[PDB]
Structure formats: structure tokens, C-alpha cells
Amino acid sequence: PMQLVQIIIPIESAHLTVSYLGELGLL
Amino acid sequence: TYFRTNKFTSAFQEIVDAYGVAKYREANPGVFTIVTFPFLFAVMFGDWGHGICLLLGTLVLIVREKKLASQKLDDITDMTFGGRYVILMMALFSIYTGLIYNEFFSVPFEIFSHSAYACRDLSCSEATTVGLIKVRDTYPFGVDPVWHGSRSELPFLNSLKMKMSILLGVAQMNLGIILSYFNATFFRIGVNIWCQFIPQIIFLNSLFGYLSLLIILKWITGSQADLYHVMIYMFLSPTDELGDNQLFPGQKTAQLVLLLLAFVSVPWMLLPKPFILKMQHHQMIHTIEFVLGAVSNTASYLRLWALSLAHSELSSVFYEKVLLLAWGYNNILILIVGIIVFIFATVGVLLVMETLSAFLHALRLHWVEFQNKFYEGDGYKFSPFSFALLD
Amino acid sequence: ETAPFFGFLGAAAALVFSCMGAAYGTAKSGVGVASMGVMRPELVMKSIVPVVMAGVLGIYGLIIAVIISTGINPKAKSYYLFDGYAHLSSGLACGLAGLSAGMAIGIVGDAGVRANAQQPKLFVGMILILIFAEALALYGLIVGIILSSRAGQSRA
Amino acid sequence: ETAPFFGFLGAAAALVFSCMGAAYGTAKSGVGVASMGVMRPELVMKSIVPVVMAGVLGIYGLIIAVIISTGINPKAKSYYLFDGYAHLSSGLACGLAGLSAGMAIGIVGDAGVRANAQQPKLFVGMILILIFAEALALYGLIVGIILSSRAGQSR
Amino acid sequence: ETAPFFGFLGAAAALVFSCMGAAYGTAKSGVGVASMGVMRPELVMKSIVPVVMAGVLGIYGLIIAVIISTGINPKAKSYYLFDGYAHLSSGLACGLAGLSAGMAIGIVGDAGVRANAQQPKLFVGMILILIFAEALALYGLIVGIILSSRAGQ
Amino acid sequence: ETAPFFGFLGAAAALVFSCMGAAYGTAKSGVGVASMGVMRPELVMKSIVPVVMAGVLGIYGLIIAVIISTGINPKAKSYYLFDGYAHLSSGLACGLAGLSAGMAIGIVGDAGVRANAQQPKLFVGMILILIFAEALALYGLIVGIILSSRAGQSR
Amino acid sequence: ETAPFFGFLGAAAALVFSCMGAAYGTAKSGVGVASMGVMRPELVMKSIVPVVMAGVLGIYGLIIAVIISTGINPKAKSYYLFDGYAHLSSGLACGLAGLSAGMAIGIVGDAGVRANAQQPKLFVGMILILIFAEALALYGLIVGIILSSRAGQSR
Amino acid sequence: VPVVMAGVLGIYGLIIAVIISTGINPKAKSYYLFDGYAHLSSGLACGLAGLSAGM
Amino acid sequence: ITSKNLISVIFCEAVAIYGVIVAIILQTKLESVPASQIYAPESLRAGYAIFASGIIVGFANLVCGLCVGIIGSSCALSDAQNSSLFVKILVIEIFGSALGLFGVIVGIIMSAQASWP
Amino acid sequence: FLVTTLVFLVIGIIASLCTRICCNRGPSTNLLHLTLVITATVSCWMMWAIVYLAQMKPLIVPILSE
């Protein structure tokens, strides 16, 4: 039941988002 | 895509992934297999004693998994840690399987009565007589020990086991056809589903079902001399006429009509789908694939029967060794030594060798059933950016 | 009256030839797997399959032997002369089928174990080849059963 | 007296030889398919056909053996010499033809598996060659079936 | 008496030998054709003479076997050990000759495939050689047919 | 009658074939184990399993021969061709199974000796294959037990 | 009658096969010993152990053959083919077991001598391997004893 | 030329065989076991000598 | 060289025609040999003579064919090497054909052998 | 045995009720448990049916001479 999705991460905010989503993540 | 799986579902997911993957919309029969493979393995073989002991060991491992989470496993122990729940379920099914087989701890045991099955009449006549034995009382929870486990009861029991395995394989093929129909409904083809799945299914199903119904009718009539070979004798003449042994009064003409219908359906399994595609505008692989699949189902049934016979033979050998050790030991020391040696040998043969062989054979049979059924490989797992060290 | 010697000989020969074929196939598959070792240690699951096929062939041989031995009951329906020869024919067919299946399985398993280290995506194809090979052993077992079936009628 | 016993022995030898030839062909095709799959997984799917052909030849041999077994019938006639002789001859001929065709088809498929990996075009001609090879065995099986049909030698 | 057994054995041996020889020749020719087709697939399509010769050998063997089988009519003729022994030997010799011719022709075609790959003149030369070999095989088949005709007496 | 010529021959042949096969397998395994010990003493210690398999095969063959010999009771059992035939069949089956198991065990022992230097996990896995071969040999021996038990019909 | 022919033939065959196996083992052991002595004369002293084991196995086979032969006394018991057949079977089995054991032990001893020249613990490993190989000779002796007893069991 | 001479040798052997066929009539002379064995042995010796000479 | 090989093939076809003629003669050369009278010693003598004729014919024919094949192979190689040397190759081909013809003549002479009733 | 039939049906109904009470929260989980229960019931049914079909009428009795 998956579907394609895209998320635009700001360059500065990219590190924090990556660190948060690292554990399990979705895509 | 990757489906969510519980702790028990993890082993089924691993086996299914080993058997490729499927599309996100494509149905995953891994959950169904998580019971079917135990269902076949229980039918395949099982030892009540060691199997219960193996289940207890697996349950202890599951209980201590908290430490096993900390305590890294070694090689096959790692796979065992993942598949403990599936192994426990398979052993649970094998418990009922052994209950049917009545060989508790790889040995027949009386059920309810003092003797589950005995010989009515023939008080002085030997078991090798015209009257021989009569089962006035039959074991209600399992096969009658007189009729199955006795010395000369082996051939008829093996024939019955093979006949039942044939029906089990037919049922597995029917389940695969049902799964294919379900996938087609999920596929949602307006008429292509009827053109492709319906002819590919049903045809060989009814082809084998004629023999299955013949076996049922034989069980109803109870012919003796032909044993389980009455079906072979009947099918030996694909041509018309004769058919004296036919239990159903119209079995001969109806069988000829069914043969004609199967012959007509044989092109209908292949031709309609490419014709519809050309009208809109593989089958060559599908060609002979039906016959090959039927042969494979027969092979699976024969393999199950052979595995059951081999397990029975191994149990008989172990029981004979134990009896020889016990009888020929007036002193306790000789009996103890023989019992220990027999226990070690039987454990090694059954819990390791026979268990692994039966598991592999059941896995092969389930893989064949799935390949004939659906999901056609062609897929991968969902990809999240999980921290592998953390998760 | 001398038929039971031929019957026992055929019953033994079926198992002997099946065991020989299974041993050859198993040895070939084991050598191939050990060669595939170290390079792709994760391919233990794939390497297990040919041993499973060899075990299945051996079990089929043992089943055929047990059926043949059960067929030999001189107490009722004296063996006459057709019974022993029919048992010998069934045993020979079973043993030859087992040997052929074992040799083919060993060769194919060695090839598959070699292919295991590089591009393991063909595991499905290797398993399909192994199943197609074991189909021969299944057909041989079926033929042996069919031959054993006609044994009883020969009494008259 | 014992002639139909020899006929049944020949019938079994028929299936034995057919299985041997099919196994040899299958082993050669499997080696070729392993090489092709090592080359490219795409060629692996198209390369399954020779194994199916060898299995079909083996199944044809098994069917011939089953027909021969059906031929043996005590109630049909008393102990007769010709019944064993014709059956044994048919079985031997069918088995030898099947084994030879299987070996030839195995060699051809072993060559064709390597050939197809380099160029896919020649696979069409290889298919026709394998079809002719299998058709030879089919003709041999038909010839053997003719002899089996030749059963009523006496009266 | 035992004449039908001898005749059936001879016919079976004839069929088996013809099939084996045709199989060997076909295998050699097909291996050669597959090897030659690697360079130029266009020339490979022309390389159907091996298929034609294999089919011809198989058809000749099958026809000879069918003719021999038809000769076995116990109702028409009670037959004799002499007649059965003659028919069996004649059929077996025909089958052996066909097998040898097919094997030699396939051996020639194996190199003829590479020759055709080299040039079309070598292709037509190999075609002529295979035609001569097929003529020899047909001569053997006609000899077998005449021998089967003699068995009628 | 002619039973001793058959039964004694079968009993001798079982032991002879089993010993020959086990000896060949043990020789191959010993060569591999010597190579491994030259490579590393730990591999030499690990390589003991094929020797155990060969010894088990030899013991099984000896046990089958002993059972066959104990079956010989001319004083109690009247001289029947069937009684000797059963023992001969059991001996032939045991000997053939032993020889096949010995050859397979030698091949597997060489392979596992190479694997032990290659990787400990490879040797651990190959132990399973060796156990499977031993199980096939045990199945053959068990069929031998049924063959021996069939001699009961003769008296 | 003709039973002494079979008994004497078996007695001769036992000794012949045992001698052949001992010769093969001794040749292999001598080759290994020469190689070790060329590499290291000091280590060559311990290398003679496999040769001694092979010679002991050969002598044991010869001793068993002599014991079996000595039992045959025509004046002791009247003409019975059972005793001769049993003696012949015992001789054949013992000789075949001794020959196979000698050949395998010689090969293993040469390999172990090379390994011992390589590493010291390899000597203990090869000793264990040879002890394992001795099982074939033990089984042969047991079978010979069983057949000798069956020879007296004749009645 | 030597090849032609060797072929002429085989032609002469064929002529000798033709003479033997002319004399092949068995009514004139009855040959016993000794006579047949003598003829066969002498012929075989001559044939072995001829094959060795040809090689 | 292909023409030379064609000459060799013509020699082989001549050998085959000789064999066919021998078979036709043997069909004609078959004595009366009644089905009932197939046990007389005269019939055995006729059979032995016919077998000797066949053995002398076929074996010599096969030897000549093999010799012709080897000689023709060497001759084709030489003709490919040197363009001038063709008549020499034809000489060897004619020698092989003459050997085959001699075998055929031997069979023709042996045709009259049978003495069976 | 129709009594065995009723017993098996009652056991299946009880198992279905237990599964519903356990996992009514997850409708998909409830469907999974129901499918598992159905498969187990089918397997047990087939096993018992084969066993009883064996006991329908015996072709022959056993011989166990010493």
C-alpha cells in the first residue's frame, strides 16, 4: 500500500531531519 | 514494498522473501503459508515425544529471547532465533499429527481403552488366519493400532497414507487456484481474468478431483483386493468401454465426458488470453506447465507418503533397539547403557536429521505450491532510511 | 518356486542403486558448496537445497524398496514365477531412475553452487532446475509403483 | 511361461534408458543455464526450455512404460512367448532411442546456452534444432507404441 | 516358433541403431552450426541443412521400422525361423547402414558449418557433400526396403 | 542345499564392499586432514568428523553382516533357497550402500578439509551434508534390516 | 567332496589379498618415510609408525587366514559343503578388508608423514587417523570369526 | 607408382580369391576335423604374414 | 580440391552400387532351402560358403573405402598446396576405385557358391 | 463420526470467538487470526477425515506371528 512521495529538506535543516528520521524512517 | 510482520510473522516473511517478493498491490500468501507449511510438515512427518521436546526447547528459547537478544547467536542459531515462533507453530501442528499417527514418543500407545484396537473373535486362531483380527472397537482419536502399527498392517496403512496425501495435494492445488482467483480479483481485469485464470485453474483441479472422488467412493464401498490400487486399475484404461469396477453407476460414460471436457479445456487454458490481447492490439511457458504442475503435485504427495513411511521405519528401529536393550539386560547397567545409546541415536536421527529433511522437503513443496499459485516473484522490499546499527 | 531369489535380488538392487546415485549427487553437491564457501558464506541456504534433493531421492528409493519388500508375501498367493521377475523389473527401474536422478542432481547442484557466489539472483532458476531434475525421480517412483501394482494379478 | 516376465523386464529397461538420457540432457542444460545466469539473469528465463524438453522426453518414456505395464494381463491370454518378446523389443528400442536423443539434445542445448548469451538472434534457430531433436525421440516413441499395439500375435 | 521373437528383436535393433546414428550426426551438426553462427547470425539462418539431414535420417529409420513391423502378420503367414531370422538380420543391417551414414554425414556437416561461415562457396560445397551423404543413406534405405520385400517370400 | 553358497557369499560381500568404500573415504579424508593440519592445527582437530562418518559406515556394515550371519541357523531352519536369497540380498544392499557412502564421505571430507582453512562456518555447514550422507547410508542399512526380516517366511 | 576346494581357495585368497594390501601400504609408507628422512632424518624415526600399523594389520589378516585354514580337518568332520562355503566366505571377506585397509592406511600414512614433517601435532593427527582406519581390519576380523563359528554351526 | 603397385597386389589377392571360389566345390574332397583345422590354421598364418608385410 | 573429393565420392558411390549388386545377387543366389529342409549338411555348406563370400566382399570393400578416404584427404590437401598436382591425386583415386572394383569382381565370382537343396 | 464433526465445528466456533475477543481492535489482524483458525480447522478436518475413511471398512486385518 505504498506510493511515491518527495520531500524538500532545507540544506541547513537537512542534518536535523536526517538525524531524526535515521532510526526507522519511511523512505 | 514490504508488509508489516509480527514476531511470529517474521519467519514467514523471511521465507517469503527468500521466495522472491511481490508487487505492493499483489497479494502476499506469506501469512497463509505461515500455517500451510506447518500444516504440510505435520502431514509430512512428526515424532510426538521428541517433537514435543523440540517444541519445549523452542519455547524456552523464546522465553529467554531477552538474553538471546543480548547474547549474539552463532550461524544457524541466528536463523533459529528469528524462526523460533514458526518452529513452535510447526511443532504444535506436528503434535496433532502424531496424535493422528498415535506413535506417542515414536511408539504406539493405547487410547482411552486398555487396548485401543484389538482382535474380535479368533481366540485360538493366529493373527495370520482367514478370520485373523476384527476391530470391534476402533481407536477414536487416532488410527487403530491393530490396523496400522501391527506387523502385517504396514502395507495397507502405507497405501492409505499415500492415497490421503494425494487428496492433500489436490487440496493444496485448489488453494493455490483460489489464491490466483483472489489475485485476479485484486488485479481487476474486466474479462481477462475469466479468460486466463479460470481455464488455467479448474481444469487440472477436476482432472485430479475425478481420482479424489474415486478414492472417496472406494472408501465408501470398501473394496479389499485392489487395496488403494483400484483407482490405478480404473484409470489404466483411458479408452472408453469396460469400467466394471466403477462404483458410480454412470462413472464410465461420465468419465469419458469429463476426459473430453478436459481435452477441450486444454487449449482453452492457453488460447483465449493471447487472442484477447491481439484483439486489443508466457503462454509458451504456460504450455505443458499444467502437466508439469500436476506431476509436481503427485510428486509432493509421494514425497509426503515416503517421509511418513521413513519416520515410521525410524521409530520402529528405535523401538526395536530399546526393546533389545531392555530384554537382554538382567543387570541394570547393561539396560542403562543401551537405553542411553538408543536415546542419543534416536535424538540424532529424528530431531536433527529427519527433522531437517522433513523441513526442507516441506519448504520445497510449499515453494512449488506458491510458484504454481501466484506472486510470480518480480519484486523487492520497501526501502526506508533506517539506522541499521540502531535498527 | 525359485522366483523369490530374483525378487529379493531386485528389492535389494533398487535400494543399492538409489543409494549409489544419491551418494554421488550428494558428494558432488557438497564439493561444489565447499568450493562456493567463504566467497559467499550467506549462500548456505542455497547450498542446502541440493542436499535436500538428494535426500528426497534417497527417501523415494527407500519407499520403493519397502513397497517391493511388502510385495513379497509367499504365505498367500504362492509367488509362482511372474512375481519374482516383476519385483526384479520394478526394482531395476527404481534403481536406474534413482542413479540417473542422482547423477543429474549432482552435476546441476555443482553448477548452481558455482553460480551461487556471483549473481545469486539466479537462485530461483537453480531451484527450478533442481525441481525439474527431481521430477525424473518422481516419475521413476510412480513407474515403480505402477509396476508393483500388476504383481498381484500375476498370481492367477 | 516366463516370456512375459522378460517382456516386463524390457518394459522397465525402457523407462530406465529414457530416464538416463533425460538426466544427461538435463545436466548439460543445467550447466549451460548456470553459465548463462552467471552471464546475465535475463538469459536465464529464456534458457529453461531445454530442461523442459528433457523432462518431456522422460515423461514420454514413463508413459510408454506405463502403457507396456498395462499390456501385461494374465486374464488376456495364457503363458505365451510372443507377448514377452514383442514387449521387450519395443521397450529396448524406445529406451535406446530416447537415451540417444537425450544425449544429443543435451549436447545441443549445452552449445546453445553459451551461444545465446553472446547473441540472442540465434536462439530462434537453436529452438528449431532442439525441436527437431525432440521430434526424433517422439517418432521413436510412436514406433515403440506401434509394437505395443502389436499384441495379438497368437490367433 | 521363436521366429517372431527374432524378427521383433531385429526390427527393434534396427530402429534403435538408426535413431542413435541420427542423434549422433544431428548433435555433431548442431554443435557445429551453433559454433559457426556466433560470428555471423545471418549465415546461421541459412544453416538448416543439418536440420534437414537429421529429419531425413529419422524419417528413414521410422519408415524402415514401420515397414518391418507391418511384415509381422502371424495371421497371414505362420512364418518360420528362417523367414524371421532373415527379416531381423536384414532390418538390422539396414538400420546399421543408416546409422553409419548419418554419423559420417553429421561429422562432415560439423566442419561444413564453419566452412559456410567462411564463405558461401564453401556453403554450397558442403551442401553438395551432404546431398551425396543423404543419397548414400537413401540407397541404404532402399536396400532395406528390398530386403523387407524379400522377407515376404 | 545351495543356501550356504549364497548366504556366505552375501555376508562376505557386504563386509568387503563396506570396508573398501569406508577405506577409500577415510583415505581421502585423512589426506585432507593432513593438508589442513599443515595449514592449521585447529582445522586438524575439526576434521575429525569425516573419520567418524567412515567409522560409522564400517560399523553399520559390520552390524548388517553380523545380523545376516546370525540369520544362518541350518539346524533350526530347513535348507531353502529363499532363506539364503534374503541374506544375499541384504548383504549386497549393505555392501553397495557402504561403498557409495564411503566414496561420498571421502569427497565430502576433502571438501570440508578445504573449507576448514577457508572458513569455520563453511566446515560447520559441510558437517550437515556429511550427516545427510550418513543418514542415507543408515537408510540403506535400515532397508537391509527389512530384507533380513523377510527371511522369516522361510523355515 | 568339493567343499575342500572352496575352503582352500578362500584360505589362499585371504592371504593373497592381505599381502597385496600390506604391500601397497608398506610402499606408500616407505615413500613417505624416505621423503621425511630427506627433509629431516631425526623426524624420520617417528615416521615409521604408519608402516608398523600397516604391517600389523597385514599380519593380523594373515593370522586370521591361518586360523581359518587350520580349522579345516577332513578327518574331523564328514563331507559338508556348508563348512567349506563358510571358510571361503571368511577368507574372502578378511582378505578384501585387509587389502582395502592396507591401501587406505598407506595413503593416509604417507600424507600424515608429510604433515608431521610440516608440523608436530600433525603426527598425533595422523596417528588418530590410522587408529580410525584400523576399524576396517577390526570389522574384517569380526566377520571372519563369525563365519568361522558358522562353519562349525554346520549340521 | 608404388601405390598403384600396392593396389595391384590387392587385385592379385582378389584373383587368388576368385581361384579359391572356383575350387570352392566341396563334393570333390571331403575334409575332416584335421583337414579343416590344418586349412584354417595355415590360411590364418598366411594372412597374418600378409598383414605384417602390408604394414 | 572439391572436384577431387567429388571423384572420391564417386568411387564411394561405385562401392555402394557394388554392395547393392551383391545384395541383389545374394537375393538371387539364395538356394532352394525349403522351410522344412533347412537342416541338411549341404544347406550348412551353402550357408558357410555364402557367409565366406559376404565376409570377403564387405570387409575388403570397407578397407578399400577407408584407404580411398585417407588417400583422397591427403590428395585434396596436396592439391590445395600445389595447383599443378591433380593427375597424381586422380591416380590414387583411381587406385582406390580399382580396389573397390576388385572386391566387386570377387563377390561376383563368389556368387556361384551355394549347394543347399 | 457426526459427533466428531459437531465437536470440531464447536471447537472452531470457540476459537473464532476467542480470536474475535482478542483482536477485534485490528480488523485486519482479526481477519488474519480468522484465516489462521480456518486453515487450522481445514487441516484438522482433512486429517480426521482421512483417518476415519481408513476405518470405514478394512481391506484386511493384521498378522503378527512370533
# chains A, B, ... in the order shown; residues from 1 in each chain; ligands from 1
>>> residues_around(residues="residue 142 (chain C)", least_positions_apart="2", cutoff="12 Å", atoms="only C-alpha atoms", output="ChimeraX atom specification")
/B:162,232,295-296,298-303 /C:60-61,63-64,67,90,93-94,97,135-140,144-149 /D:15,59,62-63,65-66
>>> write_last_selection(atoms="N, CA and C atoms", output="CSV table (one decimal), in the first residue's frame")
chain,number,residue,atom,x,y,z
B,162,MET,N,-0.6,-42.9,1.4
B,162,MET,CA,-0.3,-42.3,0.0
B,162,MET,C,-1.6,-41.8,-0.6
B,232,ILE,N,-5.9,-46.9,-9.7
B,232,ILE,CA,-5.0,-47.2,-10.8
B,232,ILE,C,-5.6,-48.1,-11.8
B,295,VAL,N,2.2,-33.2,-12.2
B,295,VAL,CA,3.2,-34.2,-11.9
B,295,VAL,C,3.9,-33.7,-10.6
B,296,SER,N,4.1,-32.4,-10.4
B,296,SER,CA,4.8,-31.9,-9.2
B,296,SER,C,3.9,-32.1,-8.0
B,298,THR,N,1.7,-34.6,-7.7
B,298,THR,CA,1.8,-36.0,-7.4
B,298,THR,C,3.1,-36.3,-6.7
B,299,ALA,N,4.2,-35.7,-7.1
B,299,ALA,CA,5.5,-35.8,-6.5
B,299,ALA,C,5.5,-35.4,-5.1
B,300,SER,N,4.8,-34.3,-4.8
B,300,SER,CA,4.7,-33.8,-3.4
B,300,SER,C,3.9,-34.8,-2.5
B,301,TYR,N,2.8,-35.3,-3.0
B,301,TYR,CA,2.1,-36.3,-2.3
B,301,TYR,C,2.9,-37.6,-2.0
B,302,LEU,N,3.7,-38.0,-3.1
B,302,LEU,CA,4.5,-39.2,-2.9
B,302,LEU,C,5.6,-38.9,-1.9
B,303,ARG,N,6.2,-37.7,-1.9
B,303,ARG,CA,7.3,-37.3,-1.0
B,303,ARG,C,6.7,-37.3,0.4
C,60,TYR,N,12.8,-41.6,-1.7
C,60,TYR,CA,12.0,-42.3,-2.7
C,60,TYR,C,12.5,-43.7,-2.9
C,61,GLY,N,13.8,-43.9,-3.0
C,61,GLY,CA,14.4,-45.2,-3.2
C,61,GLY,C,14.0,-46.1,-2.0
C,63,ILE,N,11.4,-45.9,-0.1
C,63,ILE,CA,10.0,-46.2,-0.2
C,63,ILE,C,9.7,-47.3,-1.2
C,64,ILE,N,10.4,-47.2,-2.4
C,64,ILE,CA,10.2,-48.2,-3.4
C,64,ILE,C,10.7,-49.5,-2.9
C,67,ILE,N,8.0,-50.9,-0.5
C,67,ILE,CA,6.9,-51.4,-1.3
C,67,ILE,C,7.2,-52.8,-1.9
C,90,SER,N,10.6,-54.1,-11.3
C,90,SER,CA,10.3,-52.8,-10.6
C,90,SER,C,11.5,-52.3,-9.9
C,93,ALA,N,14.0,-50.7,-12.4
C,93,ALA,CA,13.5,-49.4,-12.9
C,93,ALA,C,13.7,-48.4,-11.8
C,94,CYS,N,13.4,-48.7,-10.6
C,94,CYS,CA,13.6,-47.7,-9.5
C,94,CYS,C,15.0,-47.4,-9.3
C,97,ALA,N,16.4,-45.3,-12.3
C,97,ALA,CA,15.9,-43.9,-12.2
C,97,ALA,C,16.6,-43.1,-11.1
C,135,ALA,N,11.9,-34.2,-10.8
C,135,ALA,CA,10.7,-34.7,-11.4
C,135,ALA,C,11.0,-36.1,-12.1
C,136,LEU,N,12.2,-36.3,-12.5
C,136,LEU,CA,12.6,-37.6,-13.1
C,136,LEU,C,12.5,-38.7,-12.0
C,137,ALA,N,13.0,-38.4,-10.8
C,137,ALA,CA,13.0,-39.4,-9.7
C,137,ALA,C,11.5,-39.6,-9.3
C,138,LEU,N,10.7,-38.6,-9.3
C,138,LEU,CA,9.3,-38.8,-9.0
C,138,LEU,C,8.6,-39.7,-10.1
C,139,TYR,N,8.9,-39.4,-11.3
C,139,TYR,CA,8.3,-40.3,-12.4
C,139,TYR,C,8.8,-41.7,-12.2
C,140,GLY,N,10.1,-41.9,-11.9
C,140,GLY,CA,10.6,-43.3,-11.7
C,140,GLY,C,9.9,-44.0,-10.5
C,144,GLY,N,7.6,-47.3,-10.8
C,144,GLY,CA,7.9,-48.5,-9.9
C,144,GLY,C,6.6,-48.9,-9.2
C,145,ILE,N,5.8,-47.9,-8.7
C,145,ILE,CA,4.6,-48.2,-8.1
C,145,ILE,C,3.6,-48.9,-9.0
C,146,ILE,N,3.5,-48.4,-10.3
C,146,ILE,CA,2.6,-48.9,-11.3
C,146,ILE,C,3.0,-50.4,-11.6
C,147,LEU,N,4.3,-50.6,-11.7
C,147,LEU,CA,4.8,-52.0,-12.0
C,147,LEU,C,4.4,-52.9,-10.8
C,148,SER,N,4.7,-52.5,-9.6
C,148,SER,CA,4.4,-53.3,-8.4
C,148,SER,C,2.9,-53.6,-8.3
C,149,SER,N,2.0,-52.7,-8.9
C,149,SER,CA,0.6,-52.9,-8.9
C,149,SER,C,0.2,-54.2,-9.6
D,15,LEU,N,12.0,-47.5,-19.6
D,15,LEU,CA,11.9,-46.3,-18.7
D,15,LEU,C,13.3,-46.0,-18.1
D,59,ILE,N,9.1,-38.0,-19.5
D,59,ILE,CA,7.7,-38.2,-19.2
D,59,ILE,C,7.1,-39.1,-20.3
D,62,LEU,N,8.2,-42.6,-19.6
D,62,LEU,CA,7.4,-43.1,-18.5
D,62,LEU,C,6.1,-43.5,-18.9
D,63,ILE,N,5.5,-42.7,-19.8
D,63,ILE,CA,4.1,-43.1,-20.4
D,63,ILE,C,4.2,-44.4,-21.2
D,65,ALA,N,6.3,-46.8,-20.7
D,65,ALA,CA,6.5,-47.8,-19.7
D,65,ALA,C,5.2,-48.2,-19.1
D,66,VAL,N,4.3,-47.2,-18.8
D,66,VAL,CA,3.0,-47.4,-18.2
D,66,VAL,C,2.1,-48.2,-19.2
>>> residues_around(residues="residue 45 (chain I)", least_positions_apart="5", cutoff="10 Å", atoms="only C-alpha atoms", output="list in words")
residues 25 and 26 of chain H; 40, 50, 51, 113, 114, 115 and 116 of chain I
>>> interface_residues(of="chain D", to="chain E", cutoff="6 Å", atoms="only C-alpha atoms", output="ChimeraX atom specification")
/D:85-86,89,93,96-97,100-101,104,108,136
>>> write_last_selection(atoms="N, CA, C and O atoms", output="mmCIF file, in the first residue's frame")
data_model
loop_
_atom_site.group_PDB
_atom_site.id
_atom_site.type_symbol
_atom_site.label_atom_id
_atom_site.label_comp_id
_atom_site.auth_asym_id
_atom_site.auth_seq_id
_atom_site.Cartn_x
_atom_site.Cartn_y
_atom_site.Cartn_z
ATOM 1 N N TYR D 85 8.256 -61.230 -25.994
ATOM 2 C CA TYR D 85 9.248 -60.855 -26.998
ATOM 3 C C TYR D 85 8.939 -59.494 -27.607
ATOM 4 O O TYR D 85 9.814 -58.621 -27.681
ATOM 5 N N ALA D 86 7.701 -59.298 -28.063
ATOM 6 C CA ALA D 86 7.342 -58.033 -28.697
ATOM 7 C C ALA D 86 7.468 -56.876 -27.715
ATOM 8 O O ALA D 86 7.987 -55.806 -28.058
ATOM 9 N N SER D 89 11.173 -56.102 -27.080
ATOM 10 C CA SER D 89 11.764 -55.428 -28.230
ATOM 11 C C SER D 89 11.327 -53.972 -28.296
ATOM 12 O O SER D 89 12.155 -53.072 -28.495
ATOM 13 N N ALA D 93 13.941 -50.802 -27.898
ATOM 14 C CA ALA D 93 14.086 -49.827 -28.973
ATOM 15 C C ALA D 93 13.736 -48.427 -28.487
ATOM 16 O O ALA D 93 14.477 -47.465 -28.735
ATOM 17 N N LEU D 96 16.489 -47.103 -26.030
ATOM 18 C CA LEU D 96 17.729 -46.740 -26.709
ATOM 19 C C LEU D 96 17.559 -45.450 -27.499
ATOM 20 O O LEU D 96 18.415 -44.554 -27.446
ATOM 21 N N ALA D 97 16.450 -45.332 -28.236
ATOM 22 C CA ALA D 97 16.203 -44.113 -28.995
ATOM 23 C C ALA D 97 16.093 -42.909 -28.073
ATOM 24 O O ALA D 97 16.661 -41.847 -28.353
ATOM 25 N N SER D 100 19.627 -41.955 -26.698
ATOM 26 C CA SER D 100 20.456 -41.315 -27.714
ATOM 27 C C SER D 100 19.971 -39.900 -28.003
ATOM 28 O O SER D 100 20.769 -38.955 -28.078
ATOM 29 N N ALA D 101 18.654 -39.735 -28.157
ATOM 30 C CA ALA D 101 18.102 -38.413 -28.418
ATOM 31 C C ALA D 101 18.356 -37.474 -27.250
ATOM 32 O O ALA D 101 18.640 -36.291 -27.450
ATOM 33 N N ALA D 104 22.019 -36.356 -27.381
ATOM 34 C CA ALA D 104 22.215 -35.396 -28.462
ATOM 35 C C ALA D 104 21.607 -34.043 -28.112
ATOM 36 O O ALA D 104 22.230 -32.995 -28.333
ATOM 37 N N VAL D 108 23.410 -30.395 -27.678
ATOM 38 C CA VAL D 108 22.933 -29.254 -28.452
ATOM 39 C C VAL D 108 22.552 -28.104 -27.531
ATOM 40 O O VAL D 108 22.885 -26.944 -27.794
ATOM 41 N N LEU D 136 12.623 -36.368 -33.119
ATOM 42 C CA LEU D 136 13.199 -37.688 -33.371
ATOM 43 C C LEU D 136 12.813 -38.671 -32.270
ATOM 44 O O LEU D 136 12.389 -39.803 -32.550
#
>>> residues_around(residues="region 48-63 of chain B", least_positions_apart="4", cutoff="10 Å", atoms="only C-alpha atoms", output="VMD selection string")
chain B and resid 67 to 68 80 to 99 101 to 107 346 to 347 350 to 351 355
>>> atom_distance(atom1="CA of residue 142 (chain E)", atom2="CA of residue 56 (chain E)")
13.5 Å
>>> residues_around(residues="residue 74 (chain D)", least_positions_apart="4", cutoff="8 Å", atoms="only C-alpha atoms", output="number ranges by chain")
C: 153-154, 156; D: 78-79
>>> interface_residues(of="chain B", to="chain J", cutoff="7 Å", atoms="only C-alpha atoms", output="number ranges by chain")
B: 35, 39, 126-128, 132-134, 142-143, 146-147, 150-153, 160, 164, 219-220, 222-225, 227
>>> calpha_fit_rmsd(fixed="chain G", moving="chain F")
1.0 Å
>>> atom_distance(atom1="CA of residue 265 (chain B)", atom2="CA of residue 60 (chain D)")
21.5 Å
>>> atom_distance(atom1="CA of residue 29 (chain C)", atom2="CA of residue 55 (chain F)")
22.3 Å
